[PDB]
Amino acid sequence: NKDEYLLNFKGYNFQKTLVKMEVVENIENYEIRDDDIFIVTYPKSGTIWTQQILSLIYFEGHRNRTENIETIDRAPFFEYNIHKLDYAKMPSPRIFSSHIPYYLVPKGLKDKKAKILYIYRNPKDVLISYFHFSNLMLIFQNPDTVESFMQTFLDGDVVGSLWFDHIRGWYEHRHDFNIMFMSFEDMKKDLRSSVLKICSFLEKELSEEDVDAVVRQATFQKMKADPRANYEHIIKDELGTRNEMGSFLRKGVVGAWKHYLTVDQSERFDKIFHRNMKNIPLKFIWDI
């Protein structure tokens, strides 16, 4: 029942229907250009939000609305090329999106010239967002309850494997990469400062009004209304939805998990989280 959803490779779970083992086996020797940009996330942590943000920053047609092209074609998923784009002929600087773990990266990323932006989010909101997204999307197995999906999640039996392993392998191996770390919650709290830090790390210059436009079009409620970024057509017509009521930009709030997890589930999660993360000095926000 569960083999047809996950493709395991070196202890990591790819989405089986979207990638083939040929491309996975080819990832190690993939040509990396010295100005490539990689958005690396664990699923449901702000991937397409960051796609939108980087598209607004790097493609002035998208920012000025002279071009009307979906953000997935600006920063396509490195391992999920659902639009069948020839990544080799895409113009530099290429932007890619990916959920792969540190040890599955193309060795060209270890030359530390291509840049990596790692976006993370508190794992309880990640859990609940993944729960709803799996209920909605056909490419994922349909979970029954919150308790059962939490078990499935802490077991790593989802696309992206175990959240703790993902974030740990990326952080505990910072120095193999030219990489920055930023949190969904920080982007939620100060969008403008986060955009500025992204531009600094990517050493991309922007005028002040351009940054105003980036913040304006990357805000949740405005981006949900932007069909170039809200992924509505992609999930309805290409990837397929079980119902037709849910959306990729569901709520986008921090702290919503408190309405789904009982105190017992939360405390068990906290024990696992402390065991896995007590040494990692990343700031974590859990509410508002």
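In this text, residue numbers run from 1 along the sequence as written.
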Looking only at C-alpha temperature factors in the entry, 83 to 91 or 125 to 133, the higher average sits in 83 to 91
Higher-B stretch (mean Cα B-factor, as the entry records it), 45 to 53 or 30 to 38
30 to 38
Ranked by Cα temperature factor within the chain, is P106 in the lowest third, the middle third or the highest third?
highest
Test of reading the entry: by CA B factor among the chain's modelled residues, which third contains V254?
lowest
Lowest, middle or highest third of the chain for the C-alpha temperature factor of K224?
lowest
C-alpha B factor of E185, ranked within the chain: lowest, middle or highest third?
lowest
Quick tally, chain-level thirds of C-alpha B-factors: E172 sits in the middle
